[PDB]
Structure formats: structure tokens, C-alpha cells
């Protein structure tokens, strides 16, 4: 100890206290009451079929227009082509629960990328189209060939 590492600032300004604001993704607005995840192809194995992850959701079919698969790796990416369609499932949770689910799957997908060559794995919000033709905003994961 001694003189080294003794703070020249006020001790009160330097001692860390419980309850600081923690980092997070926080993808929802303060308005949003629901959050949804769009899953597809082999990603459904975890997102839909893992009982402890998918628990508490509502789930229905949905289509993502303008996206297509990478040739390797499990992810799609956005092309903007009207007839490129990724069919999948949208899982929805109350907003507070969704924030935890989204972080959990974000960590799960990005811990050990199978094909780091096909780009970086990210997620964003896109409208997905439900059976009745209505749309709902959902988070989806993608790996853009760049």
C-alpha cells in the first residue's frame, strides 16, 4: 500500500458501491411490452426445441422476406431481394423476460463461431410476416458474407 495507489481524489469518489448500472444489449424501447426472436433452419434446434430456453414463449410460424442462407455456416443474411424468403418461427416473451432471453442466445451464438470466415455474427430487428399477412418486429441473427 503506502503512497502508491493511494487515491488523490476524494475516497468517496473512488470506492465502488453496490447497484451501479450494468451493461446490456437493451434492444427494446421503454415503450415495448413484448419482444420477439425469429429463428430458422438449424438455429431452431436451440431457439425452439431447447425446453429451458424456449420456455414461457408464445410461438408461431413466420416468414422473413429479403434474406437468404450462407452456403456454409447456419446463418442467413439480408439481400433485400423480394423473393428471397427464410421461413421460420417467431418466439415472443414479455419485454423484461425477452431482454434476458436475447442476451442468453446472443452469448450462445457468438461464443464459438463455426464459420468465422463468412463474417461476424450480429443480430438486428426486422419485420417478419405472420400467416394472416400481418407483420411483427423480431430480432434475428445473421452472418453477412462480409
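Residue numbers count along the first chain shown, from 1.
Between 43-51 and 22-30, it is 22-30 that carries the larger average Cα temperature factor according to the deposited entry.
Looking at 95-103 and 108-116 together, the entry lists the larger mean B-factor for 108-116, computed on C-alpha atoms. Of all the options 130, 138, 123, 11, the entry's greatest CA B-factor is assigned to 11. Looking at the C-alpha B-factors along this chain, the one for residue 81 belongs to the middle third.
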